[PDB]
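For reference, the structure is listed below as structure tokens.
Values in this text are rule-based calculations from the coordinates and carry no lab data. Methodologically, a virtual Cβ is constructed for each residue, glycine included, from the backbone with ideal geometry; neighbour enumeration extends over all protein chains shown.
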Amino acid sequence: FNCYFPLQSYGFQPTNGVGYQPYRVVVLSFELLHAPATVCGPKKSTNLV
Amino acid sequence: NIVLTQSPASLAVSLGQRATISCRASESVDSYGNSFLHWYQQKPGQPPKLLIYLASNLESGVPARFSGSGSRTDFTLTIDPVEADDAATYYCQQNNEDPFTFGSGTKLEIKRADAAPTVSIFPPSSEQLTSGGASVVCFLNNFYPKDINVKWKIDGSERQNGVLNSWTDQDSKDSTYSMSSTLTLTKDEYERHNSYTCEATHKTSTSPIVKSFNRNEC
Amino acid sequence: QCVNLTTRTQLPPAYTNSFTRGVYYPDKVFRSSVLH
Amino acid sequence: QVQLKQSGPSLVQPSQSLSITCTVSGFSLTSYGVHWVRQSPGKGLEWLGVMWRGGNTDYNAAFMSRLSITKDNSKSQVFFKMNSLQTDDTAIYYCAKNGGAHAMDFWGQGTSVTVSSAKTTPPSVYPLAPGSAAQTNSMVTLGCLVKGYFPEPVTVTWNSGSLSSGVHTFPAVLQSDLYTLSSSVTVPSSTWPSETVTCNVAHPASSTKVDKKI
């Protein structure tokens with residue numbers, strides 16, 4: 001009586017095409033706030049003058 | 001009640017072109033948050049499958065060539081390009097009000113190039129002749145268009161009593177047609193004249209399709 | 001659990017007036033001798 | 001992985017009842033509501049009903065009083081009880097899995113339920129064997145003439161379905177309380193008359209298996 005199920009399943013078969021195959025996504029949400037930045041890259045820390 | 005007067009009843013679209021299967025509706029609004037519907041496919045030589053859900057989304061197992069959109073009543077199913085997997089009947093289904101009826105059904109035909117049929121005649125078996133019967137079949141397969149007419153002409157006089165035809169629909173993959181013409185008669189009719197003639201007239205073959213078979217073919 | 005305090009006496013919603021409270025550092029930036 | 005095929009009915013007269021058994025596989029009955037439809041009896045595709053997940057069920061406006069759904073959650077099978085059927089209702093009945101927006105994601109093979117006052121008759125198969133004078137050009141066509149059966153369906157295969165290159169299935173010609181089914185398959189000449197060839201015909205309505213050597 002017109003109350004659809006909000007969820008729906010994906011079909012990931014090995015015979016799927018390039019537009020249907022699964023793609024594992026990892027969105028690295030970077031942010032630049034005024035707080036001390038704890039996440040950094042592997043840059044060699046130098047001395048201080 | 002929703003009367004999905006889907007139009008047209010059939011299409012003749014060649015390979016690589018754009019086929020348009022519209023679907024007229026009357027009700028209702030707010031299927032989920034809009035006035036969309038689902039599309040389906042019923043193949044003649046394969047079970048049906050779901051093409052498009054909510055008329056805007058792709059489904060796994062079928063190619064992405066099926067797309068479209070739709071208003072409250074003016075819906076559209078776009079098949080662009082048309083390949084050799086579309087010869088089937090297409091339907092549209094509303095699910096926001098009981099009964100969840102489907103469309104009238106658009107029988108899409110793949111409009112390939114004209115092709116002449118095959119030729120094969122089968123005399124009766126030993127059990128048929130032993131029982132007194134004699135059923136000869138003149139097959140004309142792998143052709144386009146479906147318009148084909150077989151004329152069973154015995155040399156004495158044309159016979160049109162036990163003539164039966166089996167018009168097979170266009171297979172989903174094989175875009176050609178297939179038709180079988182039978183002629184069930186007695187052994188006396190099969191042994192009546194030395195030679196016989198299976199006549200037929202197809203659009204592709206400008207010359208009359210003629211193939212003879214003799215009573216001694218046993 | 002559902003054990004409600006029975007010593008709670010009903011009273012009306014009393015209120016007062018916050019004169020100049022509610023100030024805080026909107027960010028972790030050091031500022032001095034300025035009007036931000 | 002998924003199976004939603006029907007079975008159980010063989011032949012039914014008009015204004016009578018029947019019972020269908022649809023075997024469900026690939027998903028639990030408590031997870032999706034099995035739908036129920038026909039296969040284009042004349043006009044467009046007809047919808048019959050659907051049993052929701054452990055609740056009530058919706059039916060068609062024209063089939064609510066006659067047709068009913070009986071869902072067995074223990075055996076993983078959905079049974080259907082129909083009443084007061086007409087000859088025009090002859091079509092293949094399908095079972096389908098519920099989708100997100102009440103869609104029919106998966107579809108089964110179904111069963112061709114035939115409604116007709118005639119009685120059941122087994123097939124009198126006769127093969128379409130080419131004679132000794134028959135010629136061949138790098139290949140040979142073969143078939144069988146399955147005449148004198150009622151009702152549909154009847155599956156004709158080549159050596160238990162060994163061949164699949166040029167197999168063509170034709171529709172059944174409605175005769176007087178009977179049917180006539182032809183077939184045509186393409187096989188190279190090295191298989192006939194060299195190797196043993198036999199027409200395999202199956203009549204699921206009567207569960208008859210007729211073997212006739214071509």
Next on the checklist: What does the charge count around B:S175 come to, taking other residues whose C-beta lies under 11 Å from its C-beta (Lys +1, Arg +1, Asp -1, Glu -1)?
Outcome noted: -3
Checklist entry - Put +1 on the Cβ of every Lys and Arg and -1 on every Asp and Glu Cβ in the protein assembly as shown; which of D:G8, D:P122, B:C92 then has its Cα farthest towards the positive end of the dipole? => result B:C92
Checklist outcome for this item: Under the 7 Å Cα-to-Cβ spin-label approximation, D:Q175 and B:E158 lie apart by a distance in nanometres of 2.5 nm
Checklist entry - Can you sort D:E152, B:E191 so the residue with the fewest Cβ neighbours within 10 Å comes first? => result B:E191, D:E152
Item to check | Listed residue (D:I69, B:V82, C:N17) projecting farthest to the positive dipole end of the protein assembly as shown, Cβ model | outcome: C:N17
Checklist entry - So how far, in whole Å, is the C-alpha centre of the stretch D:90-131 from the one of the stretch B:152-218? => result 29 Å
Checklist outcome for this item: Residues whose modelled amide H sits under 5 Å from the amide H of D:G99, counting only those 5 or more places away in sequence or on another chain, are D:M104, D:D105
Next on the checklist: Taking every pair of distinct Cα atoms and averaging 1/r, then inverting, what Kirkwood hydrodynamic radius in Å comes out for the stretch B:26-84?
Outcome noted: 12.4 Å
Checklist outcome for this item: Simple spin-label estimate for D:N83/B:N165, 7 Å along Cα→Cβ, in nm, reads 4.4 nm
Item to check | Residues with amide H under 5 Å from that of B:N149, placed H, sequence gap 5 or more | outcome: B:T201
Checklist entry - With a sphere of radius 12 Å drawn around the Cβ of D:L181, what net charge do the other residues whose Cβ falls strictly inside it have (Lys, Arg +1; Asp, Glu -1)? => result 0
Checklist entry - Residue by residue, what Karplus-based ³J(HN,Hα) values in Hz, rounded to whole numbers, does the stretch C:23-31 have, using 6.51, -1.76 and 1.60 with θ = phi - 60° and x for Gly and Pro? => result 9, 7, 6, x, 8, 9, 8, 7, 9
Checklist outcome for this item: The answer for chymotrypsin sites (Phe, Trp or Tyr not before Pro) in the stretch B:92-191 that fall in a DSSP coil and have at most 13 neighbouring Cβ atoms within 10 Å is none
Checklist entry - Applying 1/(1 + (r/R0)^6) with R0 = 41 Å to the Cβ-Cβ distance of D:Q16 and B:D174, what FRET efficiency is obtained, to the nearest 0.05? => result 0.60
Checklist outcome for this item: If every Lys and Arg gets +1 and every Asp and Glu gets -1 at its Cβ, then about the Cα centre the protein assembly as shown yields a dipole, in debye to the nearest 20, of 1400 debye
Checklist entry - Of all trypsin sites (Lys or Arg not before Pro) in the stretch B:1-102, which ones are in loop regions per DSSP and have a Cβ with at most 13 other Cβ atoms within 10 Å? => result B:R18, B:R72
Next on the checklist: Can you compute the label reach from D:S28? Point 7 Å from Cα along the Cβ direction, backbone N cut-off under 15 Å, restricted to the stretch D:39-74.
Outcome noted: D:53-55, D:73-74
Checklist outcome for this item: Toy charge model, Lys and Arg Cβ at +1, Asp and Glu Cβ at -1: chain D dipole around Cα centroid in debye, rounded to 20, equals 280 debye
Item to check | Within chain A, longest stretch clear of exposed chymotrypsin sites (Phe, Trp or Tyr not before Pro) (DSSP loop, no more than 10 other Cβ within 10 Å) | outcome: A:31-49
Checklist outcome for this item: If unit charges are put on Cβ atoms (+1 for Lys and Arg, -1 for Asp and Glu) and the dipole of the stretch B:1-146 is taken about its Cα centre, the option from B:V137, B:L54, B:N34 lying farthest towards the positive end turns out to be B:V137
Item to check | Distance (nanometres) between label positions extended 7 Å along Cα→Cβ at A:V49 and C:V3 | outcome: 7.0 nm
Item to check | Phi to ³J(HN,Hα) by Karplus 6.51 cos²θ - 1.76 cosθ + 1.60 over the stretch B:156-162, Hz, x for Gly, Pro | outcome: x, 6, 5, 9, 9, 8, x
Item to check | Net charge dipole size for the stretch B:6-110 [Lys, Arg +1 and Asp, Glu -1 on Cβ; Debye, nearest 20] | outcome: 180 debye
Checklist outcome for this item: With a ≥ b ≥ c from the Cα gyration tensor eigenvalues, square-rooted, and the rule rounded for a/c under 1.5, otherwise prolate when a/b > b/c and oblate otherwise, the stretch D:82-214 is oblate
Item to check | Residue-span extension gain [B:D74 to B:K211] - 0.36 nm each, minus C-alpha spacing | outcome: 44.2 nm
Next on the checklist: Can you give the FRET efficiency to the nearest 0.05 for D:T57 and B:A113, using r as the Cβ-Cβ distance and R₀ = 51 Å?
Outcome noted: 0.55
Checklist entry - If you average the sequence gap of Cα pairs under 8 Å that are 6 or more apart and divide by the length of chain B, what percent do you get for the contact order? => result 19 percent
